[PDB]
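File shown: entry18.csv. Contents: CSV, C-alpha atoms.
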chain,number,residue,atom,x,y,z
A,1,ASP,CA,-138.3,123.9,5.3
A,2,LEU,CA,-135.2,121.9,4.5
A,3,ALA,CA,-133.4,124.1,7.0
A,4,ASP,CA,-136.3,123.5,9.3
A,5,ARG,CA,-135.9,119.8,9.0
A,6,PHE,CA,-132.2,119.6,9.6
A,7,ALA,CA,-132.7,121.6,12.7
A,8,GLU,CA,-135.2,119.1,13.9
A,9,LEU,CA,-132.8,116.2,13.4
A,10,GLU,CA,-130.5,118.4,15.5
A,11,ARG,CA,-133.1,118.4,18.3
A,12,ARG,CA,-133.9,114.7,18.0
A,13,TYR,CA,-130.3,113.6,18.1
A,14,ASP,CA,-128.9,116.5,20.2
A,15,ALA,CA,-126.1,117.2,17.8
A,16,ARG,CA,-124.7,119.9,15.5
A,17,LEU,CA,-125.1,118.8,11.9
A,18,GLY,CA,-123.6,120.3,8.8
A,19,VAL,CA,-124.7,119.5,5.3
A,20,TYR,CA,-123.4,120.3,1.8
A,21,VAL,CA,-124.4,119.2,-1.7
A,22,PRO,CA,-122.8,121.4,-4.4
A,23,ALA,CA,-124.9,122.9,-7.1
A,24,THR,CA,-125.2,121.2,-10.5
A,25,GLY,CA,-126.7,122.4,-13.8
A,26,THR,CA,-130.3,121.7,-12.6
A,27,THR,CA,-130.3,121.7,-8.8
A,28,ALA,CA,-129.4,124.5,-6.3
A,29,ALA,CA,-126.9,123.9,-3.5
A,30,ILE,CA,-128.2,122.5,-0.3
A,31,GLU,CA,-126.6,123.9,2.8
A,32,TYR,CA,-127.1,123.7,6.5
A,33,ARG,CA,-124.1,125.0,8.6
A,34,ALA,CA,-122.0,124.5,5.5
A,35,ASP,CA,-119.3,126.9,6.6
A,36,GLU,CA,-118.9,126.0,10.1
A,37,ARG,CA,-115.7,124.2,11.0
A,38,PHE,CA,-116.1,120.5,12.0
A,39,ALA,CA,-113.3,118.0,12.7
A,40,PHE,CA,-111.8,116.3,9.7
A,41,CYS,CA,-111.5,112.9,11.4
A,42,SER,CA,-110.9,110.0,9.1
A,43,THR,CA,-112.5,111.5,6.0
A,44,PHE,CA,-109.3,113.3,5.2
A,45,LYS,CA,-107.8,110.0,4.1
A,46,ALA,CA,-109.7,110.3,0.7
A,47,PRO,CA,-107.8,113.5,-0.3
A,48,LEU,CA,-104.6,112.2,1.3
A,49,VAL,CA,-104.7,109.3,-1.1
A,50,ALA,CA,-105.3,111.8,-4.0
A,51,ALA,CA,-102.4,113.7,-2.7
A,52,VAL,CA,-100.3,110.6,-2.8
A,53,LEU,CA,-101.4,109.7,-6.3
A,54,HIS,CA,-101.0,113.1,-7.8
A,55,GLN,CA,-97.3,113.3,-7.3
A,56,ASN,CA,-95.8,109.9,-7.9
A,57,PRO,CA,-95.7,107.7,-11.0
A,58,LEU,CA,-98.4,105.1,-11.1
A,59,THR,CA,-95.4,102.9,-10.4
A,60,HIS,CA,-95.0,104.3,-7.0
A,61,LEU,CA,-97.9,102.1,-5.7
A,62,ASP,CA,-95.6,99.1,-5.9
A,63,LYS,CA,-93.1,100.6,-3.4
A,64,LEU,CA,-92.7,98.5,-0.2
A,65,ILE,CA,-92.9,100.2,3.1
A,66,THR,CA,-91.5,98.8,6.3
A,67,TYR,CA,-92.8,99.7,9.7
A,68,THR,CA,-92.4,98.3,13.1
A,69,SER,CA,-95.0,97.2,15.6
A,70,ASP,CA,-94.2,100.4,17.4
A,71,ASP,CA,-95.4,102.4,14.4
A,72,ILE,CA,-99.1,101.2,14.7
A,73,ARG,CA,-100.9,104.0,16.6
A,74,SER,CA,-104.7,103.6,16.6
A,75,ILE,CA,-107.1,101.4,14.7
A,76,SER,CA,-105.2,99.2,12.3
A,77,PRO,CA,-107.4,96.3,11.0
A,78,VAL,CA,-105.0,95.8,8.1
A,79,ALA,CA,-101.7,97.0,9.5
A,80,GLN,CA,-101.0,94.4,12.2
A,81,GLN,CA,-101.0,91.4,9.8
A,82,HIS,CA,-98.5,92.8,7.3
A,83,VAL,CA,-96.1,94.3,9.8
A,84,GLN,CA,-93.5,91.6,9.3
A,85,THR,CA,-94.2,91.5,5.6
A,86,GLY,CA,-94.7,95.3,5.2
A,87,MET,CA,-97.1,96.8,2.7
A,88,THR,CA,-96.8,98.7,-0.5
A,89,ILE,CA,-97.9,102.2,-1.0
A,90,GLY,CA,-100.9,100.9,-3.1
A,91,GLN,CA,-101.9,98.5,-0.3
A,92,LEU,CA,-101.7,101.3,2.2
A,93,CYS,CA,-103.8,103.5,0.0
A,94,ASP,CA,-106.4,100.8,-0.2
A,95,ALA,CA,-106.4,100.1,3.6
A,96,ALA,CA,-106.7,103.8,4.4
A,97,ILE,CA,-109.8,104.1,2.2
A,98,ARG,CA,-111.6,100.8,2.7
A,99,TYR,CA,-110.9,100.3,6.4
A,100,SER,CA,-109.9,103.7,7.8
A,101,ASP,CA,-106.8,102.2,9.2
A,102,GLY,CA,-104.9,104.8,11.2
A,103,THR,CA,-101.4,103.4,10.7
A,104,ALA,CA,-101.7,103.3,6.9
A,105,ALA,CA,-102.7,106.9,6.9
A,106,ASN,CA,-99.8,107.7,9.1
A,107,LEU,CA,-97.3,106.3,6.6
A,108,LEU,CA,-98.8,108.1,3.6
A,109,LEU,CA,-98.4,111.3,5.4
A,110,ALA,CA,-94.8,110.4,6.1
A,111,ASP,CA,-94.6,109.5,2.5
A,112,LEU,CA,-95.6,113.1,1.5
A,113,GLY,CA,-92.7,114.7,3.5
A,114,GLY,CA,-92.2,118.0,5.2
A,115,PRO,CA,-92.8,119.1,8.7
A,116,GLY,CA,-95.8,118.3,10.9
A,117,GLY,CA,-95.2,114.6,9.9
A,118,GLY,CA,-96.7,115.3,6.5
A,119,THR,CA,-99.4,117.6,7.5
A,120,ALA,CA,-98.0,120.7,5.9
A,121,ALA,CA,-97.5,119.0,2.5
A,122,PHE,CA,-101.0,117.7,2.7
A,123,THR,CA,-102.8,120.9,3.7
A,124,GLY,CA,-100.7,122.2,0.7
A,125,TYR,CA,-102.3,119.6,-1.5
A,126,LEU,CA,-105.7,120.9,-0.5
A,127,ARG,CA,-104.7,124.4,-1.3
A,128,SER,CA,-103.8,123.4,-4.8
A,129,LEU,CA,-107.5,122.4,-5.0
A,130,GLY,CA,-108.6,125.9,-4.1
A,131,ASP,CA,-109.4,125.1,-0.4
A,132,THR,CA,-108.1,127.8,1.8
A,133,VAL,CA,-110.1,126.7,4.9
A,134,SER,CA,-109.1,123.3,5.9
A,135,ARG,CA,-105.9,122.2,7.7
A,136,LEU,CA,-104.4,119.0,9.1
A,137,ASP,CA,-101.9,119.3,12.0
A,138,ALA,CA,-101.7,115.9,13.9
A,139,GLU,CA,-101.5,112.3,13.0
A,140,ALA,CA,-103.5,109.4,14.1
A,141,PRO,CA,-105.0,109.6,16.6
A,142,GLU,CA,-104.5,113.0,18.3
A,143,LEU,CA,-106.3,114.3,15.2
A,144,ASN,CA,-109.5,112.9,16.4
A,145,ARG,CA,-109.3,114.5,19.8
A,146,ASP,CA,-109.0,118.3,19.5
A,147,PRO,CA,-111.5,120.1,21.6
A,148,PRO,CA,-114.6,121.9,20.3
A,149,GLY,CA,-113.7,125.4,19.2
A,150,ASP,CA,-110.1,124.4,18.3
A,151,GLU,CA,-109.3,125.2,14.7
A,152,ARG,CA,-106.6,122.7,14.1
A,153,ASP,CA,-107.5,119.5,12.1
A,154,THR,CA,-110.8,121.0,10.9
A,155,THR,CA,-112.7,121.5,7.6
A,156,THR,CA,-116.2,122.6,6.7
A,157,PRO,CA,-118.9,120.7,4.8
A,158,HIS,CA,-118.6,123.1,1.9
A,159,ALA,CA,-114.8,122.9,1.7
A,160,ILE,CA,-114.5,119.2,1.7
A,161,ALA,CA,-117.3,118.7,-0.8
A,162,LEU,CA,-115.7,120.9,-3.4
A,163,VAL,CA,-112.4,119.0,-2.9
A,164,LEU,CA,-114.2,115.7,-3.3
A,165,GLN,CA,-115.9,116.9,-6.3
A,166,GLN,CA,-112.8,117.7,-8.3
A,167,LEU,CA,-111.1,114.4,-7.3
A,168,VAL,CA,-113.9,112.1,-8.4
A,169,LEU,CA,-115.7,114.2,-11.0
A,170,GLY,CA,-113.3,117.0,-11.7
A,171,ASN,CA,-110.2,116.7,-13.8
A,172,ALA,CA,-108.0,116.9,-10.7
A,173,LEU,CA,-106.4,113.5,-11.5
A,174,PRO,CA,-105.5,111.6,-14.6
A,175,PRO,CA,-108.3,109.4,-15.8
A,176,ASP,CA,-106.4,106.3,-14.5
A,177,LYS,CA,-105.4,107.7,-11.1
A,178,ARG,CA,-109.0,108.9,-10.8
A,179,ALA,CA,-110.3,105.4,-11.4
A,180,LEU,CA,-108.3,103.9,-8.6
A,181,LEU,CA,-109.5,106.4,-6.0
A,182,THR,CA,-113.1,106.0,-7.0
A,183,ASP,CA,-112.9,102.3,-7.0
A,184,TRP,CA,-111.3,102.3,-3.5
A,185,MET,CA,-114.2,104.4,-2.3
A,186,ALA,CA,-116.8,102.3,-4.2
A,187,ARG,CA,-115.8,99.4,-2.0
A,188,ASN,CA,-115.5,101.1,1.4
A,189,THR,CA,-116.5,98.8,4.2
A,190,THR,CA,-116.9,101.3,7.0
A,191,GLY,CA,-119.9,103.2,5.6
A,192,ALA,CA,-122.9,100.9,5.7
A,193,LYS,CA,-124.9,102.7,8.4
A,194,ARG,CA,-124.3,106.3,7.3
A,195,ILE,CA,-124.9,108.0,4.0
A,196,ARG,CA,-125.4,104.8,2.1
A,197,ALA,CA,-128.3,103.9,4.4
A,198,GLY,CA,-130.1,107.1,3.6
A,199,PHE,CA,-130.2,106.6,-0.2
A,200,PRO,CA,-132.3,104.1,-2.0
A,201,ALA,CA,-130.6,101.0,-2.9
A,202,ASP,CA,-130.6,101.8,-6.7
A,203,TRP,CA,-128.6,105.0,-6.2
A,204,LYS,CA,-124.8,104.2,-6.6
A,205,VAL,CA,-122.9,105.5,-3.5
A,206,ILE,CA,-119.2,105.7,-2.9
A,207,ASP,CA,-117.8,107.3,0.3
A,208,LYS,CA,-115.4,107.9,3.1
A,209,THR,CA,-116.5,108.0,6.8
A,210,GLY,CA,-114.9,109.7,9.8
A,211,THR,CA,-115.6,109.0,13.5
A,212,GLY,CA,-114.1,110.5,16.6
A,213,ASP,CA,-114.5,112.0,20.1
A,214,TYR,CA,-117.1,114.4,21.3
A,215,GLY,CA,-119.7,112.4,19.2
A,216,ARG,CA,-118.1,113.2,15.9
A,217,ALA,CA,-119.3,111.2,13.0
A,218,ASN,CA,-118.8,112.3,9.3
A,219,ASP,CA,-119.4,110.9,5.9
A,220,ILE,CA,-118.6,112.3,2.5
A,221,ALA,CA,-119.9,110.6,-0.6
A,222,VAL,CA,-120.5,111.0,-4.3
A,223,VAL,CA,-123.9,109.5,-5.3
A,224,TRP,CA,-125.3,108.5,-8.7
A,225,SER,CA,-129.0,108.6,-9.4
A,226,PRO,CA,-130.5,105.5,-11.2
A,227,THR,CA,-130.3,107.7,-14.3
A,228,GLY,CA,-126.6,108.2,-13.7
A,229,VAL,CA,-126.7,111.8,-12.6
A,230,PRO,CA,-123.9,112.4,-10.0
A,231,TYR,CA,-124.0,114.6,-6.9
A,232,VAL,CA,-121.6,115.2,-4.1
A,233,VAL,CA,-122.8,114.9,-0.6
A,234,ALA,CA,-120.9,116.0,2.6
A,235,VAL,CA,-122.5,115.3,6.0
A,236,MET,CA,-120.9,116.3,9.2
A,237,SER,CA,-121.9,116.1,12.9
A,238,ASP,CA,-120.8,116.2,16.5
A,239,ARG,CA,-122.1,116.3,20.1
A,240,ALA,CA,-119.7,118.3,22.2
A,241,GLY,CA,-122.6,118.6,24.7
A,242,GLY,CA,-121.8,115.2,26.2
A,243,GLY,CA,-118.1,116.2,26.1
A,244,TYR,CA,-115.2,113.9,25.3
A,245,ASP,CA,-117.2,110.8,25.8
A,246,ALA,CA,-120.2,111.7,23.8
A,247,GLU,CA,-121.5,108.9,21.5
A,248,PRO,CA,-121.6,109.6,17.8
A,249,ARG,CA,-125.0,109.2,16.1
A,250,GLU,CA,-124.9,107.4,12.7
A,251,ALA,CA,-128.7,107.3,12.5
A,252,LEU,CA,-128.3,111.1,12.3
A,253,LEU,CA,-126.2,111.0,9.2
A,254,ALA,CA,-128.4,108.4,7.7
A,255,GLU,CA,-131.6,110.4,8.4
A,256,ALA,CA,-130.1,113.6,7.2
A,257,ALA,CA,-129.2,111.8,4.0
A,258,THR,CA,-132.7,110.7,3.3
A,259,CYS,CA,-133.8,114.4,3.4
A,260,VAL,CA,-131.2,115.1,0.8
A,261,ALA,CA,-132.2,112.1,-1.3
A,262,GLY,CA,-135.7,113.4,-1.4
A,263,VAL,CA,-134.7,116.8,-2.4
A,264,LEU,CA,-132.5,115.5,-5.2
A,265,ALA,CA,-135.2,112.9,-6.3

Taking this structure as input, can you express it in the form of structure tokens?
Amino acid sequence: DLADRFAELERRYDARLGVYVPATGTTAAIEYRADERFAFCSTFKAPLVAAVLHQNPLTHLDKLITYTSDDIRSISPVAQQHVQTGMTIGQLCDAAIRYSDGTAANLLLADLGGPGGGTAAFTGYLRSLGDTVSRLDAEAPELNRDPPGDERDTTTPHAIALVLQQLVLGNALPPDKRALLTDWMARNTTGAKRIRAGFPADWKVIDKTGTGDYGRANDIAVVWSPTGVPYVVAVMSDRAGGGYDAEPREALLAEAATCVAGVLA
């Protein structure tokens, strides 16, 4: 029936939807199209920032980075103001998580090194986490625009949920570096209408959204029950049907999250 319900939401909203909540001690995994590739979009920033943290003294955050106005590529709510000033790595980390700024992400890929602008290093970070499925190949914003059926810059619900889970709840990071990342997510500003809107207001929710072309709209979150029991939730969607210009459907992500909250509850 939970399969039968996600597939209705797919009819109602005319989109592909993918769902993943890993198993815990007392609950089975929830999965609907958990292994199909979906575009990474802006969600990837959350592991990008773990990548940046797990490989540079906590003192690296204080490093100043200079860019030019030429550097800004896509959506940069934060970036434009500080261009003359510059931003530190820690300020970039924050802006990439709480605001999904394209430019900040761009720099922190450049700050990982290697070919592909950073994208080989970064996919390498994911591999270190046991994720052999995902891959990043472009920077902002070409990464949001690969066509349906194109493998590059794609993940699955299942893959990106097991990543998230080691970062936040797994010992993939030192307790202090772990606290930063969690706090940046706990204070995300881009996520009000997605997963957070599906869960009751007394569940704690921390997340990272993604939005793109072809009606792509993602959200990955770690939720805490009022009792303090944590779960990891990945929710992915798209609407290639309407082609490049298809509108993404948040209500979909937010509805799909209520079905999950009910199952968990």

Item checked: 9 Å contact set for stretch 89-102 of chain A, only C-alpha atoms, chain neighbours under 4 positions out, as a PyMOL selection string -> chain A and resi 42-43+45-46+48-49+52+60-65+72-79+106-108+111+139-141+181+184-190+207-210

Next item on the list: Give as JSON, numbers by chain every residue, naming chains and numbers as the document does, that has an atom within 10 Å of (-129.4, 114.9, 15.6), counting all atoms listed in the file.
Entry: {"A": [6, 7, 8, 9, 10, 11, 12, 13, 14, 15, 16, 17, 237, 238, 239, 248, 249, 250, 251, 252, 253, 255, 256]}

Next item on the list: Skip residue A:124 itself and residues of its chain fewer than 2 positions away, then list as a ChimeraX atom specification all residues within 12 Å of it, counting all atoms listed in the file.
Entry: /A:47-48,51,112-116,118-122,126-137

Item checked: Gap from atom CA of residue A:27 to atom CA of residue A:1 - Å, one decimal -> 16.4 Å

Note to self: Give me, as a ChimeraX atom specification, all polymer residues having an atom no more than 12 Å from residue A:29, counting all atoms listed in the file and skipping those fewer than 3 positions away in the same chain.
What the structure shows: /A:2,19-26,32,34,157-158,161-162,231-234,260,263-264

Notebook entry, point to check: In Å, how far is it from atom CA of residue A:203 to atom CA of residue A:225?
Noted result: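 It comes out at 4.8 Å.
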